[PDB]
Number of protein chains: 2
Amino acid sequence: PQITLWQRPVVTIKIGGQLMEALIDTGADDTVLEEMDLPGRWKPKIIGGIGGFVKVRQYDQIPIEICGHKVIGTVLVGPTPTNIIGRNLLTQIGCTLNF
Amino acid sequence: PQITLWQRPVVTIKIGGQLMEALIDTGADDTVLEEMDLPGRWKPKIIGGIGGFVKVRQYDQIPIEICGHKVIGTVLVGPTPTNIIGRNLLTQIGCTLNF
Ligand SMILES: CC(C)(C)NC(=O)[C@@H]1C[C@@H]2CCCC[C@@H]2CN1C[C@@H](O)[C@H](Cc1ccccc1)NC(=O)[C@H](CC(N)=O)NC(=O)c1ccc2ccccc2n1
């Protein structure tokens, strides 16, 4: 579909059989969701945002269903206030920027 | 143009009669630039990011020529790794997400 930028581009994702709301973010190199337990093991990871660096878990190759398109990929889990779908899973769902 | 997400979406903007590289970021509400002083007066603002809250200068109603379309809006300036083009000035050029 064609989503507009008048409001934040929020889509529902299905990770772990449960649905939540995520935010389409083309500026993020990776995907970072709010802290929780996912069905796998994790490693530690450090990623930086505006203002400072954060410490997150790194669940690798998790199967996440982004709005009809099923994908697999690395999701980071940390103290973020909003779930972010970065450009690792977006390129998978065939997402582009047009203007 | 039709931009893909395999690479980071880097668009060149002209602000202050100077050219600079910027990132097309749909997750950012505001447009944040590198530390510098452009034409005009400023007021304060504290924005948030993944790694906490940072302090920036707010330059209101500034003319930026994104990708050739001359547009207007508030540009923030403070400490940031890259120049960010948020949703406020994206809508102005008619940017959309599609998949
Ligand atoms: C710019 C501003 C208006 C403040 N908005 C945001 O920062 C919003 C705020 C939203 C609500 C709070 C939680 C985060 C989301 C998404 N972020 C957008 C979001 O896209 C943000 C923009 C950004 C890019 C580069 C440098 C700094 C900031 N990116 C990020 O946070 C990603 C996270 C990641 N590793 O995937 N950081 C980077 O992609 C990234 C890349 C290289 C870097 C080099 C040095 C230091 C930091 C670096 N950060």
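Atom set for the values below is all heavy atoms of this structure, side chains included, hydrogens, waters and symmetry mates excluded. Each chain gets a letter, A, B and so on, in the order the sequences are listed, and its residues count up from 1.
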Which residue is it: B:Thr80, B:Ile84, B:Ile15? I am looking for the one with a side-chain contact (heavy atoms from CB on, under 4.5 Å) to B:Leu33. B:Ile15
Take B:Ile62 and B:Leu38 through the side chain to side chain contact (heavy atoms under 4.5 Å, CB included) test and state the conclusion after the steps. CA-CA 9 Å; B:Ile62 302 300; B:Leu38 45 109; 3.8 Å; yes
More than 12 heavy atoms of other residues, nucleotides or ligands under 6.0 Å from NZ of A:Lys70: is that the case? no
Do you see a donor-acceptor pair shorter than 3.5 Å between the side chains of A:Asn88 and A:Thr31? yes
From CD (A:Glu21) to OG1 (A:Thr12), nearest 0.5 Å: 4.5 Å
Counting N and O atoms only, with roles assigned by atom type, does the side chain of A:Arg87 sit under 3.5 Å from a partner on the main chain of B:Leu5, one being a donor and the other an acceptor? yes
In terms of heavy-atom contacts, B:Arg57 and B:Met36 come closest through NH1-O, 3.1 Å
Within 6.0 Å of CD in B:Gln61, more than 12 heavy atoms from elsewhere: no
Is the A:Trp42 ring parallel, tilted or perpendicular to the A:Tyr59 ring (thresholds 30°, 60°)? tilted
Given A:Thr4, A:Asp25, A:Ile3, A:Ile85, the one that forms side-chain contact (heavy atoms from CB on, under 4.5 Å) with A:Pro9: A:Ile3
Show, in sequence, the C-alpha distance, side-chain angles and deciding distance for A:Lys14 and A:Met20, and conclude whether the side chain to side chain contact (heavy atoms under 4.5 Å, CB included) test is met. CA-CA 7 Å; A:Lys14 192 156 193 290; A:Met20 348 166 283; over 6 Å; no
Separation of B:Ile72 CD1 from B:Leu89 CG (nearest 0.5 Å): 10.0 Å
Interatomic spacing from CD1 in A:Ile93 to CD1 in A:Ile66 - rounded to 0.5 Å: 5.0 Å
Any heavy-atom pair between the side chains of A:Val54 and A:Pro79 that's under 4.5 Å? yes
Give the minimum heavy-atom separation between A:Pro81 and A:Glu34, together with the two atoms involved. O-OE2, 3.2 Å
Please tell me whether B:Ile13 and B:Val56 are part of a single hydrophobic cluster in this structure, the criterion being side-chain heavy atoms less than 4.5 Å apart. no
Flag the pair B:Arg8 and A:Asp29 as a salt bridge only when some basic side-chain nitrogen lies within less than 4.0 angstrom of an acidic carboxylate oxygen. yes
Out of curiosity, does B:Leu76 fall in the hydrophobic cluster containing B:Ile24 (side-chain heavy atoms, cut-off under 4.5 Å, transitive links)? no
From A:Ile46 atom CD1 to A:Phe53 atom CZ, the distance as rounded to the nearest 0.5 Å: 9.0 Å
Rounded to the nearest 0.5 Å, the SG atom of A:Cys95 sits from the CG atom of A:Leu90 at a distance of 5.0 Å
Would you say that more than 12 heavy atoms from the other residues, nucleotides or ligands in this model lie under 6.0 Å from the CD of A:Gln7, or not? no
Is A:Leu97 reachable from B:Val10 through a run of hydrophobic residues whose side-chain heavy atoms are each under 4.5 Å from the next? no
Any chance you could lay out the side chain to side chain contact (heavy atoms under 4.5 Å, CB included) test for B:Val32 and B:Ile47, step after step, and finish with the verdict? CA-CA 10 Å; B:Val32 191; B:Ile47 36 155; 3.8 Å; yes
Pairing donors with acceptors under 3.5 angstrom, does anything connect the side chains of B:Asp60 and B:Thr74? no
Cluster check A:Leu19, A:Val75: I/L/V/M/F/W/Y, side chain < 4.5 angstrom: no
Are B:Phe99 and A:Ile64 connected in a single hydrophobic cluster, I mean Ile/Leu/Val/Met/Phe/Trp/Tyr linked by side-chain heavy atoms less than 4.5 Å apart? yes
Indicate yes or no: at least one non-hydrogen side-chain atom of B:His69 is less than 4.5 angstrom from one of B:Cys67. yes
Closest contact, heavy atoms only, B:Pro39 versus B:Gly16: CD-CA, 4.3 Å
